[PDB]
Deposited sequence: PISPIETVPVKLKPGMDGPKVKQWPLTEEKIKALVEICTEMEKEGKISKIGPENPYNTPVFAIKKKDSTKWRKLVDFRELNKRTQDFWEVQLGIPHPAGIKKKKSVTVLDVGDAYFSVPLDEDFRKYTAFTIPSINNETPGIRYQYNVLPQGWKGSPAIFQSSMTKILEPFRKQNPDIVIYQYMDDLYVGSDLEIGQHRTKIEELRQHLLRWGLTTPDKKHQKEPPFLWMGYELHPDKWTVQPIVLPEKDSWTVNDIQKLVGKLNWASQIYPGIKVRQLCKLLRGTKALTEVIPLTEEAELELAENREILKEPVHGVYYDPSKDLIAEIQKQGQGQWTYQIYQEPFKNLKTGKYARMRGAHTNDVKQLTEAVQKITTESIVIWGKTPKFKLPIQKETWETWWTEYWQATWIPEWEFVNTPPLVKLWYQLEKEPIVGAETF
């Protein structure tokens, strides 16, 4: 076929990323997979004259007993040239996510780019050199792929698009987001059909095979303890919380509360509240009832995502671009920490895609070595967000949920 010439952003060179060591189980799965990808001429074994590399992992399909080869094209995607979103989707009632990755494989990759797609199948204890290949077709997870395949895509999709304009479809990387307002019964059917209408040309369900229901996504407002009797401690926590949130909602006043706190009283000493205090709380309580006004999504900025461990299998996240200027906040509850955490990330990323058609730069409350050790064990997405590791302040965790 006619291969479109692709190129890296000016002056940039190809990825030379270390491959995190894998477990025998994974390795074997990858050998078996890539071996068949080779026979099909999808990929080809490469030589020493190729100094590039990208990490590879094997994830397990959701309710499927097969493996999926995952490739961390992050470094590459960042260095690839820029190739040149339905707000209605986020309102849809039902959205299903499919994996269209295999389409790409029908299209060849520009010969002079192929080398950058080099990756390696590692050997246990380095007992073996490690099997190296590069791609011949468009590789899954590479931002280039969707672009270069856009045209052929639109083509096999215009029928459905007009034969069913009541359905919204968005494509992000290897994923196809099919939205609608139909009854979950109707929806599932129309989804299946689309599947054969694609079989017609070039798709197991992604994300539990299951649905998503955007319409029901809501913001987690900052809350205040409502309680019967108030002790010095309670109030202290209160004021502390309040003061913090006053940097977001400046209308919050603590004046009266702070006054119930004059004197070095005993912590457990109950404090009946005054009239002014009562109203000050109420007013504050009222201010917090909704997200702060003004905050808007800036497409030219990085979408950041922070998570906090609450406990009891409960987590808190916030999506923003500028500190305190949250675009969304939420909650996640169940396993073990990591598993939970990954599920949080993925969940969160999906939302970001669905809403702002983009993936966020997470900040994870965990240790690299550990994360690098298990994340692949529960990961099911076809994409991989950028992430960094941090040390959550005990106060922040306190100020949420």
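- The deposited chain is incompletely modelled, with C-alpha atoms absent over 1-4, 89-95, 214-224, 357-361, 429-440.
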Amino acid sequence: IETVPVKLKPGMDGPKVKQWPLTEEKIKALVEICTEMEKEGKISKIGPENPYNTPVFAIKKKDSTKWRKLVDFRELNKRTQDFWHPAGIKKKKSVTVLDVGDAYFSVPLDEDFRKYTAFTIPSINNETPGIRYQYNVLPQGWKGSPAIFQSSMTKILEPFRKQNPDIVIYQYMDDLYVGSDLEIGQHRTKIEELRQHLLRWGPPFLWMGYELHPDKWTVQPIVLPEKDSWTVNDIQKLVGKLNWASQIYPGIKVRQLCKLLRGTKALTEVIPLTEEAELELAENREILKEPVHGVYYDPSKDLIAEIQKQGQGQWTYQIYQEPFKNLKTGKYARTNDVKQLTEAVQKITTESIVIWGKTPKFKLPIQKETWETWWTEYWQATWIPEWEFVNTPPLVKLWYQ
From here on, numbers count along this sequence of modelled residues.
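- As listed in the deposited structure, the average C-alpha B-factor of 69-77 and of 314-322 is greater for 314-322.
- Averaged over Cα atoms, the B-factor as recorded in the entry is higher for 179-187 than for the other of 179-187 and 239-247.
- Within the listed group 143, 289, 91, 115, the record reports its top CA B-factor for 91.
- Of the candidates 129, 139, 108, 263, the deposited coordinates give 263 the top C-alpha B factor.
- In the deposited entry, the Cα temperature factor of residue 234 places it in the lowest third of its chain's modelled residues.
- Annotation for residue 15: CA B-factor lies in the lowest third of the chain's modelled residues.
- When the modelled residues of the chain are ordered by C-alpha B-factor, residue 334 sits in the highest third.
- Per-chain ranking of the deposited C-alpha B factor places residue 363 in the middle third.
- Residue 294 sits in the highest third of its chain by CA B factor, as recorded in the PDB entry.
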